[PDB]
Amino acid sequence: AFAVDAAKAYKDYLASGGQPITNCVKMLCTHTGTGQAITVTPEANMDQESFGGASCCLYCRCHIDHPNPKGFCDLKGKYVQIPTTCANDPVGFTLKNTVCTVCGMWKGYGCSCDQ
Amino acid sequence: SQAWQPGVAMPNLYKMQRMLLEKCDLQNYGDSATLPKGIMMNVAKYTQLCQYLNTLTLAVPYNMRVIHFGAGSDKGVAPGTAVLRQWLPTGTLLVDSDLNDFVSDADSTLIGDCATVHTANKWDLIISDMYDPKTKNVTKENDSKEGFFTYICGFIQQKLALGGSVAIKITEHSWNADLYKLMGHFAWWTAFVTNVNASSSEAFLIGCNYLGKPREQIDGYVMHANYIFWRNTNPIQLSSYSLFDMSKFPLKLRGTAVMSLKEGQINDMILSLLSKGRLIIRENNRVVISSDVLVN
Ligand SMILES: Nc1ncnc2c1ncn2[C@@H]1O[C@H](CSCc2cc(C(=O)O)cc(-c3cccnc3)c2)[C@@H](O)[C@H]1O
Ligand SMILES: [Zn+2]
Ligand SMILES: [Zn+2]
């Protein structure tokens, strides 16, 4: 029944005041893209930075299994758009946030489906 | 001025000289370009390389196959692979590799010395950032280096599709005469210096549209001396200007034809198509790769 909980460990280390994971791979792009969360090519809008997905994934970066029966990563090989105000901790951001499954935006950072 | 280009390619007249090798002494050796906020050198460098490759007649087939050697960083990520994946058409098969472990956006990653890498298929584009810092020995003769360059020359000759292209990092001290000689087996070649790293003697040796036969005879010792002479007498102004306009960055999906032909079937009509970036010659089977593991 024992399973390492890296997501909780990272969140707790963040709350404890620890420096976020660095060297996430920021891309050059136009910053006129769709603004959607996880895309096949950089899609940052004016308010976002685009990063290489694997470098923003806690499980890729820590060399630990992905928490899914299928050991699948939905960031690896894609680009993740991070609000510029959160871009100092892309890994923490992708851990703590959810993609709206109808519009593809981050809940609370672009998804207007609830208005 | 060339400060708005992604970089500077070695002018043809310098290729035609017969210089003797001397020490590389760059006027701008000390300086650094000012990168956009939070952008790392390796992203900027690969972006400018890809912007320059956009000006060449690269073959871009459906189901393009690209392999990237030396793709790891000492941070355990692959920023050059991330730029390549941004640049290449969606659905391009991208494989990368490095001696040291790293996490990557490539479709598949092999860890180990590049000499352990084997592939069944041929490739449309080979990128190499491999570099051994122990070559930068200013206190001995600068001779042609072997190591990974030996592998790269064989890999080009065995596993690069006709019409395919190459970009292999060299420096003043990290270079190989046979690789320069192999440049004469493409329809065109150059040594390209990124504007962001112009204070370094690094360049990318680019072979454009592989022909599988010597089109030109190139003496590799002479050519590297020619390259250093060009660098020594042509200071390149450091510049990140081209990084701010990415509107035309993606590689144009040309849908270049892929055919399987046998050596005796290569017309000069075929050689012309190859030379123009209009044909890739390889089999189109499944892509299978592997890494040799030495057991104790
Ligand atoms: N035979 C080979 N097979 C497979 N991979 C290979 C092979 N040789 C090299 N590599 C990989 O190429 C990438 C680029 S070299 C980056 C670098 C630059 C500098 C620079 O510029 O001063 C300096 C260093 C460096 C290295 C060690 C200690 N102190 C400084 C490294 C790397 O991740 C290497 O692991
Ligand atoms: Zn992952
Ligand atoms: Zn929504």
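Excluded from the calculations below are hydrogen atoms, water molecules and symmetry mates; all remaining heavy atoms, backbone and side chain alike, are included. Chain letters run A, B, ... following the sequence lines, proteins first, then strands; residues in each count from 1.
There is no side-chain donor-acceptor pair under 3.5 Å between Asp47(A) and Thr84(A). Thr119(B) and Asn121(B) form no side-chain donor-acceptor contact under 3.5 Å, judged by distance and modelled atom types alone.
Contact of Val77(B) with chain A is made through the side chain alone, with heavy-atom distances under 4.5 Å. With a threshold of 4.5 angstrom between heavy atoms, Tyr79(A) approaches chain B through side-chain atoms but not through N, CA, C or O. For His31(A), no part lies under 4.5 angstrom from a heavy atom of chain B. Within the 4.5 angstrom heavy-atom criterion, only backbone atoms of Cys24(A) (N, CA, C, O) approach chain B. Contact of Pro36(B) with chain A is made through the side chain alone, with heavy-atom distances under 4.5 Å. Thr41(A) touches chain B through its side chain: at least one heavy atom from C-beta onward sits under 4.5 Å away, while N, CA, C and O do not.
When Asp101(B), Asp105(B), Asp107(B) are compared by the number of non-hydrogen pairs under 4.5 Å with chain A, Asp105(B) comes out ahead. Counting heavy-atom pairs closer than 4.5 Å to chain A, the top-ranked of the candidates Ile39(B), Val43(B), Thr47(B) is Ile39(B).
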Item to complete: Start with the C-alpha gap between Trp4(B) and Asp245(B), add the side-chain angles, then the distance that decides, and say whether side chain to side chain donor-acceptor pair (under 3.5 Å) holds.
Response: CA-CA 10 Å; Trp4(B) 287 270; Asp245(B) 184 4; over 6 Å; no
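Here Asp12(A) pairs with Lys8(A) in a salt bridge; the nearest charged N to carboxylate O distance falls below 4.0 Å.
Between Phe69(B) and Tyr151(B), the two ring planes are perpendicular [angle over 60°; tilted spans 30° to 60°].
By the 4.5 Å heavy-atom criterion applied to side chains, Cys60(A) and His66(A) are counted as neighbours.
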